[PDB]
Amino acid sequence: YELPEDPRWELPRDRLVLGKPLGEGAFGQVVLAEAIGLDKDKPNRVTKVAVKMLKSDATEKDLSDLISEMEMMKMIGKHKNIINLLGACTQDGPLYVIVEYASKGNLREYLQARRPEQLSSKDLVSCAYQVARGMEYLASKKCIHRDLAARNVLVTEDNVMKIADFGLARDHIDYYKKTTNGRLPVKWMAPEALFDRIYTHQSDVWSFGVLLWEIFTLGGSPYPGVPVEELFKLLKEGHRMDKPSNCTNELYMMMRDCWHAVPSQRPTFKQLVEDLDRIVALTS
């Protein structure tokens, strides 16, 4: 275990004041932290940051995984609407990967806590637009998410949506095994991805369809009370979820377009961004 230094991102450990943990192990031992002078221009400023690290009893393969994650972020590059890499502590101690902090939790929790401040109809659509922008970027950089969901969209102090866990490789996951927090991850998967193991930017758009439904149900659980075996039957039968209560016909049509049985007929993020752009413009 000897990691190579990268002076682009390298940060001294003495510049990193660690803090309370974040988000229930959902992202693999993350903590709140305070980085003293990330920006070498203003070196006397603290910045609130998130810091992922390896677990108490992590394996040699877990380290391999965490490095790939770090390098992935390096390559993909910066965008407002994704979790950006800020730095890392690689030398003379455990690996710390420092990323942008998102004060107001994930999107599911964010929406649930703000059920009836209010979110204007505009806020919700604005929020959906932002995720589409973030996904357009990732798509432009050949990056397939594979698990796009409100659970993996974080929200900042400034209410900016930041996509997380995009990329994060692996290779036949168990459909039946749940998120121990209380979630069945297969319900976001497109049929081609679910059945045939074929992940594409189109399969992500299917998931974005489900994410839209999540938004306009203020953190609603999709296919509630439907076990795995039943979900298979439903998707096979061409079943699609009902329109949310607070959700226009235009937006529901967008969901349905995202849930088009034929992958190539689904709209691209590029298109979704443009449509959402226009729709945000006309909303209270």
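Note that residue numbering follows the sequence shown and begins at 1. Basically, rigid core = biggest C-alpha set you can superpose within 1.5 Å across the two forms.
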{"property": "Larger mean CA deviation from the shown form in 8 other deposited structures of this protein [core fit; 16-24 vs 266-274]", "result": "16-24"}
{"property": "Higher C-alpha RMS shift from the shown form in 8 other deposited structures of this protein - 64-72 or 224-232, rigid core fit", "result": "224-232"}
{"property": "Other PDB entries, at least a third, lacking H172", "result": "yes"}
{"property": "Residues of the deposited sequence left unbuilt between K78 and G77", "result": "none"}
{"property": "Of 250-258 and 62-70, the stretch whose C-alpha atoms average the higher B-factor in the entry", "result": "62-70"}
{"property": "Stretch with the higher entry mean CA B-factor, where the candidates are 44-52 and 24-32", "result": "24-32"}
{"property": "Highest-ranked of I173, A190, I163, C127 once sorted by CA temperature factor in the record", "result": "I173"}
{"property": "Deposited CA B-factor, highest of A102, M135, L148, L184", "result": "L184"}
{"property": "CA B-factor placement of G87, once the chain's modelled residues are sorted into thirds", "result": "lowest"}
{"property": "Third of the chain's Cα B-factor distribution that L231 belongs to, per the entry", "result": "middle"}
{"property": "Chain-wide C-alpha B factor ranking for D158, given as lowest, middle or highest third", "result": "middle"}
{"property": "Ranked C-alpha temperature factor of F208 among modelled chain residues, by third", "result": "lowest"}
{"property": "Cα B factor band for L95 (lowest, middle or highest third within the chain)", "result": "middle"}
